[PDB]
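Just the one chain here, laid out as structure tokens, in the form deposited in one PDB entry.
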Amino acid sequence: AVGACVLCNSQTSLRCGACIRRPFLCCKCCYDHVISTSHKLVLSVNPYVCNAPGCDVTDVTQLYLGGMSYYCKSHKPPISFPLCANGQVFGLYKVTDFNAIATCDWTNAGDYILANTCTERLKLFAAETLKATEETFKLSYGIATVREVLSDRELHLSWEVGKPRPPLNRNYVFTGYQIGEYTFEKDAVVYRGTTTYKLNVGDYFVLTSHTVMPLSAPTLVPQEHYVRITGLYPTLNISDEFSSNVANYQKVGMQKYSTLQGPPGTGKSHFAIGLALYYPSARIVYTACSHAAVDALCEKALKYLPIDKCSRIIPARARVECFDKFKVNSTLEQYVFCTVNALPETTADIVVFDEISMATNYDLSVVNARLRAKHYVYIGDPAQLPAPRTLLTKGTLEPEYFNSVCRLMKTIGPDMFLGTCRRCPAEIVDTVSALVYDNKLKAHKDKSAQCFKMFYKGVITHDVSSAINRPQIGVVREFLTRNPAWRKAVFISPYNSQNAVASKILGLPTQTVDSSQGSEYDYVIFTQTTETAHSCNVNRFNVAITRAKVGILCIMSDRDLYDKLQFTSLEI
């Protein structure tokens, strides 16, 4: 009930009772807060409320100290001092940005801008407040009760009346009733239960609302620059394969933390695993937010690092199937691969945090609190997709506001940049290099002459809000008949409902742009589906077209992105 002020660290017995996270506020900052916001409840050992029987005055600005107790203007004794005076709130041990973080509903982009441009302590207050708001918002949704079980992969649902229905995609995971986590895709609905269970008729599902823990560690530790490589011992015999990253691996040992911007297919996991070969005795913890990112790091480690020194950390709540080729839950192995949410409390010579555009400041802080390392390496790309912000409906969130690492990469630049894309045909590399990389990304491959674009608006229909463009899928079907090599293509679009329709009509494996990030395929067929801020987002567009190793077909809706594609146009 006594602690440090979130704005100036000054000790206090005061906590704001109207703030969802009840932060400690000192006398000067508590005053500036209550006198400028709707927040008037102040908490101490006992709350600041009128002690007179049956009185409901709780507003600190309307209360006084009558001896050792608190009373309003109607109940105070003659000798009483106002709780609010001379810019202070009376307590013990006797902000415009804090006010906005404390009172916003997190539905605007400007709220996330502020959460990332503020002081470090306010970045943690903002991340805690936002995550708690995101969880209390899960309570504000309807329950789905099983009406009829059709097959082992399909069922019918009855929804709660008076409460909205959550979007049925992979971004919304329900907990079944504790009969395992379940996911849904669109009267017949498709069910994907993490645990294989005979889906009982009438049993209910509810979105998991986890408790938001407080943040202690900064999003980024204070930067330290060294004169020599510190606490790391380089090999003198470094494999030719990894020679291109030697100057960068040295930069890593000569700073507390370093940022690496790696565009698609420029060698991020090769850099991450090569860092272990460069400092062969260093204990490295490899972390990312998703199980897919962590597994991709495991796949790369399996090829270069001794398997007996690797461990994949998987929590007892085994959400989805992940990497099976390392000893499980051996926290003490030299190489530990683990998602941010499952991190043990341990130390490391190097912590490598991959897919950094997907991290939030909450994730950045958790890593700093669970892992005490000599060096921290942040690998990702601010030109790729950020983590979904479920509350954000108004405005677009720019890359410089994704998190603290992305803010640094977009303002002062990354410490290291992988400049040569080895995956994509040059048509794709030249397009994204100009689009999001200021012409600094170079192509290793020649033009494949298998990159096509077709400008076709089609017809936009909707499955609630998720969009479908059947004419664009018809154009793909026509193209496939004339281009049989493309039979092996992955169908990509910005919408799951478009992908569900393409799956049935084309039979191609399907992927949203957001679920394709980090993956690569020989051929990609992309249908833009709509002209929305979502389907036109340059980061999403960047990820979409950089999935292709050999060919890409883009059926476009937006003239701007279509005209920028350095692809051969097709007719019809």
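We number the residues from 1 along the sequence you see. Take the two forms, superpose them, and find the largest set of C-alpha atoms that agree within 1.5 Å; that set is the rigid core.
In all of the other compared structures of this protein with flanking residues present, residue 156 is modelled, so it falls below the one-third mark for missing coordinates. Across the other compared structures of the same protein with both neighbouring residues present, residue 470 carries coordinates in every case, with no third of them leaving it out. Going from residue 94 to residue 95, you skip over 4 to 9 residues of the deposited sequence that the entry leaves unmodelled. The gap between residue 186 and residue 187 holds 4 to 9 unmodelled residues of the deposited sequence. The mean C-alpha temperature factor is higher for 164-172 when 428-436 and 164-172 are set side by side. In this entry, 347-355 shows the higher mean Cα temperature factor of the pair 347-355 and 454-462. In the deposited coordinates, the residue among 136, 108, 258, 469 with the greatest CA B-factor is 136.
For the set 126, 328, 104, 412, the PDB entry assigns the largest Cα B-factor to 328. When the CA B factors of the chain's modelled residues are split into thirds, the value for residue 540 lands in the lowest one. The deposited CA B-factor of residue 29 belongs to the highest third of values across its chain. When all modelled residues of the chain are sorted by CA temperature factor, residue 14 is found within the highest third. Compared with the other modelled residues of the chain, the Cα B-factor recorded for residue 115 ranks in the lowest third.
When all modelled residues of the chain are sorted by CA temperature factor, residue 386 is found within the lowest third.
One more form of this protein exists, namely the form deposited in another entry; it is left out here, but the text below deals with it.
Core superposition between this form and the one not shown leaves every listed residue (401, 455, 279, 71) with a C-alpha shift below 2 angstroms except 71.
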